[PDB]
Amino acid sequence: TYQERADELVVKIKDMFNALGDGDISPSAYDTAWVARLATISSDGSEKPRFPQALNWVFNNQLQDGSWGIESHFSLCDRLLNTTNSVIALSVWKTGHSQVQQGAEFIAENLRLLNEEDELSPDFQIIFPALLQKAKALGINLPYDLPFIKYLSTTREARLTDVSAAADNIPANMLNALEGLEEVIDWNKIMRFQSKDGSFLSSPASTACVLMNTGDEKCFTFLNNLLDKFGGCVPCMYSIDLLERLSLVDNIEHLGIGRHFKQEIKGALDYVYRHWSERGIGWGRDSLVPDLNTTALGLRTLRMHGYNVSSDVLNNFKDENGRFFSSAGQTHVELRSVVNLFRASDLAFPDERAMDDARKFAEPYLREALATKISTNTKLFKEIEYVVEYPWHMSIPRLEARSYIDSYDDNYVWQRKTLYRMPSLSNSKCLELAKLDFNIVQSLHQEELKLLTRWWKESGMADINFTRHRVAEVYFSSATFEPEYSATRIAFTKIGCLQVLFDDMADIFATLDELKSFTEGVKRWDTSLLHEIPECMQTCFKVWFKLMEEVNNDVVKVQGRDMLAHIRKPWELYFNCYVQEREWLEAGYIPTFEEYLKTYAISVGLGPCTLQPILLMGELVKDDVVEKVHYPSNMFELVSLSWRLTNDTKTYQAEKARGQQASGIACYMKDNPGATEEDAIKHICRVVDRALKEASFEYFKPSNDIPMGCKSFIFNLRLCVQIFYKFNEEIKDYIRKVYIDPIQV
């Protein structure tokens, strides 16, 4: 059964968290072969392998086709690098004759397939011809003079002269390709690039090359310890203790299953936070040179989990021209790093210039990549498309999870100088659990919708012709999906349906007098004025009043005491704003921007759909805390502001055509003669953008008295308006994906 399989996967993933160390990463043939080339001198003066275990690994790990590499993941550049270095290692030590022969055959066959249109792997044009030069000196028979191969050698020779002609020798941005630049390196000057663990850019191949030329003891210790840890081989990079923790957390949260791992996540993030630095971070705690990907992932993930981190860490990766780079130790810019840069920018607080710069660079870069470089029919296209089309402030949690389940690749191989696996980060258990859990939670939502449809009938809403499908749309907008908040979602959906009903009532039907009558009835919180309004409005009031009774009875159970006095206020405020709107409309009055917002930021309706539902979540809301989490707290007011203004930009045109003059647009223009509608819309969008960032700041802001679950419900109500009233797919598609179609498991 689903629940049983999910339960054991949760146990298995928790074990993974508990077992986190320096990182789970595959052996690297290219790196292990470089380590295998290293010599030591015996007592008698003869040369022998310094690391015989590494040589033996090479000896024993040739693939069936004669190459070395990752068997199920063939890539031409990877296989050529792995195989050529492996044949070099065996040849140097006069061993593995048969493997050398078959290796040379593979290389010769595949050099004939390397062409000018093949996408070459990072620094391949430097590190590969360096291997060919060595192979040729060892007398290995390969077609070195094929046109494109000669071209690679010539390009490398130009790079060599650039370094030798450089006053300061090898520049930082060539560090990634150190071992391909051996014959021109200044071995004294290069040592300034060494990490505290003795490695060079965490790369065992590069570290072996430095060791070969210098004898440096710290290089030896890094390699010796790494071989011991891996049982006689090495990976392409180590350690990866920061990247692995951050990405495991990020992936789990993104997949929609983070609620199962709260304690494990806190543990992983506490570890990373200890190693967090104003200069950014690299894959591992000992990196001298940090990288954009790990730093951006760090900024986003730590911030998302309430840690205090500064966006200024991003300035470490920005050049004079406002462009970002992945690492000072390389020349190529990695697409994944730019994706994570954009995702980190989603969590900007107000006036964080580094986030502004990050997004201004990353967004065009990603859109350019989607339009020019990425194949439409891939998980990567879908993933990045979602990143830019549904960014954080318009990302509904279940939609985000559902999309990522389809774009998460659980059989992925990473590319740096060569290919490698990180089994914690491309993980079939994580994906399987995400699918099972989504289905289980979905069944819960389906039952909630079943109860809501039953209520739709029994309450009388069906009788008064409330649209059945509107129920599901309000329900979807609740956003806070976790199983423990069923009662809150159900109450929110009932109240939202009445608010939809009320708004239509106030427009299409009610006169001002009838509106005032209805409102006085709300203020009295009784049925004493039902007689003053039309039968249809009476029915509306009665459905609402009955709901209030049922909901308030439930609030007494959860909160431990009567909270009617609190609960009455938002309903009074809401209806009073309705009368104010109508008074202005009949008087043809256009308020100032400030005066407009004072009324319309309330009338948009965040008050009623939040107070009663957040009181059913479970957290204690003390009398003095109501105003700190609900109206008029800053976060609440900011969400309200985003609601009203975003709605205005989307709908003010249609409203004007119906005789409604007051809007954010019209009122700003009245305050500001000379400002066009376009100017007002631009200003309003800036106000909304800032309000969303400010709400984010307020949300993550630590407090000793404000309940975070309640804050989360209010904060995540910002999403529905951003997604529906944004200045492709529609609501029916969202509901299908989230509530109707299960995921094939």
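The first residue of the shown sequence is 1; numbering continues from there.
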For the step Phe727 to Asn728, what size class fits the number of deposited residues with no coordinates, none, 1 to 3, 4 to 9, or 10 or more?
4 to 9
Please compare 463-471 with 413-421 and say which has the higher mean C-alpha temperature factor in the record.
463-471
Can you let me know which of the two, 331-339 or 578-586, has the higher average C-alpha B-factor in the entry?
578-586
Options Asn225, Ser121, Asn553, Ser403 - largest CA temperature factor per the record
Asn553
Of the options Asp648, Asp513, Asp250, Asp145, which has the highest CA B factor as deposited?
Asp513
Which third, lowest, middle or highest, does the CA B-factor of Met16 fall in along this chain?
highest
Report the third (lowest, middle or highest) to which the CA temperature factor of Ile70 belongs, ranking only the modelled residues of the same chain.
highest
By its CA B factor, does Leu9 count among the lowest, middle or highest third of the modelled residues in the chain?
middle
Should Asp22 be placed in the lowest, middle or highest third of its chain by the C-alpha B factor in the entry?
lowest
Which third of the chain holds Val721 when residues are ordered by C-alpha B factor: lowest, middle or highest?
lowest
